[PDB]
Amino acid sequence: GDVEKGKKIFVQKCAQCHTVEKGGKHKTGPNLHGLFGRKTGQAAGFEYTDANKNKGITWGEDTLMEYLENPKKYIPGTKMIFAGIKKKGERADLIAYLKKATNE
Ligand code: HEC
């Protein structure tokens with residue numbers, strides 16, 4: 001995917017609730033640094049729902065593609081209030097940006 005387009009999507013749809021930088025603050029949602037290859041619910045010091053904590057999948061391109069299409073369908077009971085990104089291209093670009101930004 002396109003990292004620059006993904007950053008624009010992230011700022012538009014995600015950044016109000018999430019930081020990506022190493023040591024970045026929790027906001028409404030957890031800091032996302034180090035997400036790739038990590039199980040659900042593992043950001044230190046964030047109070048996850050039992051639903052997010054117990055989902056038990058590993059974050060990566062495949063699981064983010066499914067989650068971000070419809071978060072509540074993938075993790076029923078999640079307190080992430082976000083309807084989803086319908087378009088495959090937009091999700092792919094956003095995920096390309098997250099793979100770069102959350103590993104810097
Ligand atoms: C605030 C209104 C949110 C918006 C907009 C987005 N996210 Fe979110 N997210 C938020 C909360 C409160 C939580 C915790 C959910 C819970 O039930 O405890 C989350 C969770 C995520 C996760 C999972 C993190 C993990 O398992 O460690 C991811 C990967 C995530 N959120 C990504 C994400 C993206 C990419 C967004 C823009 C499309 C986005 N979120 C919007 C709050 C909010």
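We count residues from 1, following the sequence as given.
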If you round to the nearest 0.5 Å, how far is [atom2] of [Y] from [atom1] of [X]?
X     : Y     : atom1 : atom2 : answer
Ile75 : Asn70 : CD1   : CG    : 11.0 Å
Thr63 : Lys39 : OG1   : NZ    : 11.5 Å
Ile85 : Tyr67 : CD1   : OH    : 11.0 Å
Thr78 : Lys53 : OG1   : NZ    : 12.5 Å
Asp93 : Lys88 : CG    : NZ    : 14.5 Å
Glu90 : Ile9  : CD    : CD1   : 5.0 Å

Heavy-atom pair with the smallest gap, counting every atom of [X] and [Y]:
X      : Y      : value
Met80  : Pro71  : CE-CG, 3.8 Å
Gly77  : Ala51  : C-CB, 3.8 Å
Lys100 : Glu104 : NZ-OE2, 2.7 Å
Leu68  : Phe82  : O-CE2, 4.4 Å
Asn31  : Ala43  : O-CB, 3.8 Å

### Message
Is there a continuous path of hydrophobic side-chain contacts, each under 4.5 Å between heavy atoms, that joins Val3 to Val11?
### Response
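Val3 and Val11: separate clusters.
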
### Task
Treating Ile, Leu, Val, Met, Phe, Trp and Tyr as nodes and any side-chain heavy-atom pair under 4.5 angstrom as an edge, say whether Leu35 and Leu94 lie in one connected cluster.
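Hydrophobic grouping puts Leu35 with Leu94.
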
### Task
Please confirm whether the backbone N or O of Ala15 pairs with a side-chain atom of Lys27, one donor and one acceptor, at under 3.5 Å?
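Confirmed, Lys27 side chain pairs with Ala15 backbone.
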
### Short side-chain to backbone donor-acceptor contact, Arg91 and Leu64, under 3.5 Å
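Flag not set: sc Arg91 to bb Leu64 has no pair under 3.5 Å.
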
### Task
Please say whether the positively charged group of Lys55, taken as NZ for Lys or CZ for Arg, lies over the ring of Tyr74, i.e. under 6.0 angstrom from the six-membered ring centre and within 45 degrees of the axis.
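Geometry flag: set, cation within 6.0 Å and 45°.
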
### Task
Sort and list the pairs that fulfil ring-ring contact (aromatic ring centres under 6.0 Å, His included) and have at least one residue in residues 15-39, not counting sequence neighbours.
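Checked against ring-ring contact (aromatic ring centres under 6.0 Å, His included) - neighbours excluded - the pairs reaching residues 15-39 are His26-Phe46.
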
NZ/NE/NH1/NH2 to OD/OE distance under 4.0 Å, [X] and [Y]:
X     : Y     : answer
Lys99 : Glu61 : yes
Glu4  : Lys8  : no
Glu66 : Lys73 : yes

### Task
List the steps, then state whether side chain to side chain donor-acceptor pair (under 3.5 Å) holds for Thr40 with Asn52.
CA-CA 6 Å; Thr40 58; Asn52 195 329; 4.6 Å; no

### Query
Considering residues, nucleotides and ligands other than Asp62, do more than 12 of their heavy atoms fall under 6.0 Å from its CG?
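12 or below, so no.
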
### Message
What verdict does the side chain to side chain contact (heavy atoms under 4.5 Å, CB included) test give for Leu32 and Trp59, after you've listed the backbone C-alpha separation in whole Å, the side-chain angles of each residue and the deciding distance to 0.1 Å?
### Response
CA-CA 11 Å; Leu32 295 176; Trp59 288 127; over 6 Å; no

